[PDB]
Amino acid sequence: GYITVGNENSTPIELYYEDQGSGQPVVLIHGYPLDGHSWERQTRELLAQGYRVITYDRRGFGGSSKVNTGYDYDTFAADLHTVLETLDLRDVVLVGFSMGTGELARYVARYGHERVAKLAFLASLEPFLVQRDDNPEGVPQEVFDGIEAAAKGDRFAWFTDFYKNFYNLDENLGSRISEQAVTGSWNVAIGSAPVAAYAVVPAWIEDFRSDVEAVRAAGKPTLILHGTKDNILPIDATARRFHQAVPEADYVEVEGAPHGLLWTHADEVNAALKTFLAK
């Protein structure tokens, strides 16, 4: 399916989406640089549990418009807003992974939470990833400058390097992810808009601290889940701070899990989501 969310010059900006099953709606918002099918090990379990599972592809990724403009969380949240309004979803469970955790918080901040039943943040960006004078816990800017330069420099070679760290392949290749599944991740990645490989870097490092205040003040059931061996989003720079800021959230650390834990630790992710959604 497609939902129109805007225009880029003479072209409509269309987000590809899938809408499956019946029951309470659950919207899964994928990470960089994948698409809605990256949720497959979660989707099939949620469908079996009697939820209506919707995924969509972020602008620039998967089946969505390969735009040049709007790679920022105000825009990504406006896109999500349009998806929820177009489908008129109520009592929705929002689930974000990696980049998708940004949509959840920015959406609540900008649009409120009348439509939202629950929020699940998996491998979160929050609260503020890049080190600044007022954010000493963050990661030095130079890391992101280097990533931006690599992704712009040759996105094809970059995605290979990125997935090594995404999945902790030295540890997990052949035990928790096959060579073929890694190749599938790469094939999806290179289909994204060339500019999207690096245009998202500034979005990743936006300050979400005020959005985290909105999320906490909403008082809706919230889950924060992270792998302890996440080498993309270091657990001390993200989830542990997010947990400190939102102590009411259910909190899960998946021992030994990498960033790419929807696949490598699908069982643990599924168990946490099953418990959380049953509340």
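Residues carry their position along the shown sequence, with the first being 1.
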query: Greater mean Cα temperature factor according to the PDB record, 206-214 or 243-251; finding: 243-251
query: 131-139 versus 151-159 - greater average Cα B-factor per the deposited record; finding: 131-139
query: Per the PDB entry, maximal CA B factor within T43, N231, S64, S38; finding: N231
query: Modelled-residue ranking by C-alpha temperature factor, third containing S192; finding: lowest
query: For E268, the third of its chain into which the C-alpha B factor falls; finding: highest
query: Third of the chain, ranked by Cα B-factor, where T75 sits; finding: lowest
query: Modelled-residue ranking by C-alpha temperature factor, third containing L47; finding: highest
query: Modelled-residue ranking by C-alpha temperature factor, third containing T82; finding: middle
